[PDB]
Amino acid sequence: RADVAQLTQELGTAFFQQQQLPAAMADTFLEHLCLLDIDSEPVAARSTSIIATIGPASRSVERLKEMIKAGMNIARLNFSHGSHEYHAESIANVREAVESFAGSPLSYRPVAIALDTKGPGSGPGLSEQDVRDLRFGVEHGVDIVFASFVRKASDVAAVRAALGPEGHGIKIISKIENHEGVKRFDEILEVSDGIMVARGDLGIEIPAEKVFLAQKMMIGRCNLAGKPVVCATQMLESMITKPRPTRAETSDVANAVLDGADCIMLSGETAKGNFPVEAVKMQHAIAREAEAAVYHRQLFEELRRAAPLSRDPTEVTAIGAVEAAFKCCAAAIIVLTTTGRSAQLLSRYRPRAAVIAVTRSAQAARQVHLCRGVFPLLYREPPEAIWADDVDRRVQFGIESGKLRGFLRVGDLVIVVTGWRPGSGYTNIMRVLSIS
């Protein structure tokens, strides 16, 4: 207790009874489980992003507005079904629903658009349909590609080549769907931006009883590499027909978050099901509960022990900022980022504190949804004449959005992460600030 006694006197016992903080303070994983409390309410914003597949049940602008409000962060377009005209209309509807909230930039929630490819089929690699669909993606400015049936590093290179010179900024998330993809995982992760554990095909390609081993291994390896990992397929399957999920489905969603997944996905549940909005709301409710149940004490210790020494100032600042956030129970870590990289490096240490990422790049704001606990804020103001004042205005924008979004209150401590000069790659500063 002496390690939390002064902070308990200052913040109160009510603060320390919420968000599974009694379980967080435990000295062993066993004691942590024993202290999990159904009466300990989650307080933090939901950190695991929700990917919802867009289809006939979730295509209308009106329905998409409800889905964004329910918690959808990434809209998935499954190119296994529908024409280019159909998907272009889905993209337009998503963009219309997203831009309907651009009224106030303080609450504007960016939504990424992901293109999920049909796949190689009987072919040994990049199909002609995938080449056409990937070209459509670049032309329509998609943020992410979920590349189907990635079996080796050369499959990812073929996807990158098909995106051409104009699609260099698009994130490639390799879908691991068969035995070869699992066995060649390391070479695939090395050349990918992230991974999707595509359990539908994986569960038919390898014995169904082995899928959890592949899922846990891939999530662990992605967490170690600091690259986003998506858990997908049949997470809330029964909700395609019923308004409430089974006990196995709620458990699966909670366990994907506890495993370390950055994102969780909905397929038939939102694309064609009877309750698309309810499915998004259910993933949101479970992820909030499960994130608070993460045993950060061991996770942070293990991420530090396993991660190699780094001479990169962004990485060095990120670990210092996460350590500082844990020391004071910081409400948030506000970070300025051009590409999303500084926010991704904070996310890899899994802080309890929300990572509020302030960026001018609309694409980076959408793409950072791939990183757990990163809350993107799109800054729209033109640059100030003095650079230091432009940095300060962006930090204040993060604070004001954080106050109005519920993340921050007067009296809270926040960690602010910035760099010494303009441009990407120069993050090197960490500040402890009292919110006024």
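A residue's number is simply how far along the shown sequence it sits, counting from 1. The term rigid core refers to the maximal set of C-alpha atoms that superpose within 1.5 Å between the two forms.
Comparing 336-344 with 104-112 in 9 other deposited structures of this protein, after superposition on the rigid core, the stretch with the greater RMS C-alpha deviation is 104-112.
For the pair 374-382 and 387-395, greater average C-alpha departure from the shown form in 9 other deposited structures of this protein after core alignment is found in 374-382. Between 101-109 and 307-315, it is 101-109 that carries the larger average Cα temperature factor according to the deposited entry. Look at the C-alpha B-factors of 363-371 and of 400-408. On average they run higher in 400-408. The maximum CA B-factor among the listed residues 242, 296, 87, 179, taken from the PDB record, is found at 87. Annotation for 71, 226, 137, 203: 137 ranks highest, by Cα B-factor. When the modelled residues of the chain are ordered by C-alpha B-factor, residue 31 sits in the lowest third.
When the modelled residues of the chain are ordered by their C-alpha B factor, residue 186 lands in the middle third.
Residue 81 sits in the highest third of its chain by CA B factor, as recorded in the PDB entry. Sorting the modelled residues of the chain by their CA temperature factor places residue 338 in the middle third.
Sorting the modelled residues of the chain by their CA temperature factor places residue 165 in the highest third.
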